[PDB]
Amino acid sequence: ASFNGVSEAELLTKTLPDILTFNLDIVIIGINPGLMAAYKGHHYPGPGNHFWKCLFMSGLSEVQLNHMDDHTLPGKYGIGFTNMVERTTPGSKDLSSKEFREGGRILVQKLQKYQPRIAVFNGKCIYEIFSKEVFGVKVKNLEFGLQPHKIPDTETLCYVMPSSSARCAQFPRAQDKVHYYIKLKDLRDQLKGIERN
């Protein structure tokens, strides 16, 4: 057993803390914590989750880091972490529409506070909700990548990637997502360039 004696009942109670400082370039917004993230106490520990593998392959990290290194990310790589929903659940379909919209009001508050250069939505499902709830925009055909709206009252961009979770069959391997991480690396460097003029 992956959860070494510790019950699923006990994991559902545990929350995953945010890694948020000011002056960040990137803020990874997950859907909500998973059983292993609530257990481990770190962001994306799932041996199957592609976050860390994609982070290295994209060149956003010098070496292959893991969930334990997540707290070193702001000072070294300019990366922070949060989730659309604080509550722990086994999957993303466990969460109600009210729960998600509660989370979006909370998220835009954390985002207006910390003002990162790029608010990275690790998942499309979560930016669909956030777009409608926050910008009043329900585009019929939503795309990945840089979105046309900024976080209200900020200069924070909204960039979307398929969930790093290995649950979506549409992007089955991590190699199938490294592209959105490479573009994310390019967007950052463009801003960390346009600012230096």
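Position 1 is the first residue in the sequence shown; the rest follow in order. Note that the rigid core is defined as the largest set of C-alphas that superpose within 1.5 Å between two forms.
Comparing 82 to 90 with 122 to 130 by root mean square Cα distance to the shown form in 6 other deposited structures of this protein, with the rigid core used for the fit, gives 82 to 90 as the more displaced stretch. Using the rigid core as the fitting frame, the root mean square C-alpha deviation in 6 other deposited structures of this protein is greater for 98 to 106 than for the other of 111 to 119 and 98 to 106. A summary of the deposited B-factors shows that, of 36 to 44 and 133 to 141, the stretch with the larger mean C-alpha value is 133 to 141.
When the C-alpha B-factors of 144 to 152 and 160 to 168 are averaged, 144 to 152 comes out higher. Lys177: CA B factor lies in the lowest third for its chain, per the PDB record. Ranked by Cα temperature factor within the chain, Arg101 sits in the highest third according to the deposited record.
In the PDB entry, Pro116 places in the middle third of its chain by CA B-factor. Remark: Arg87 belongs to the middle third of its chain, ranked by C-alpha B-factor as recorded. Annotation for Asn49: CA B-factor lies in the middle third of the chain's modelled residues.
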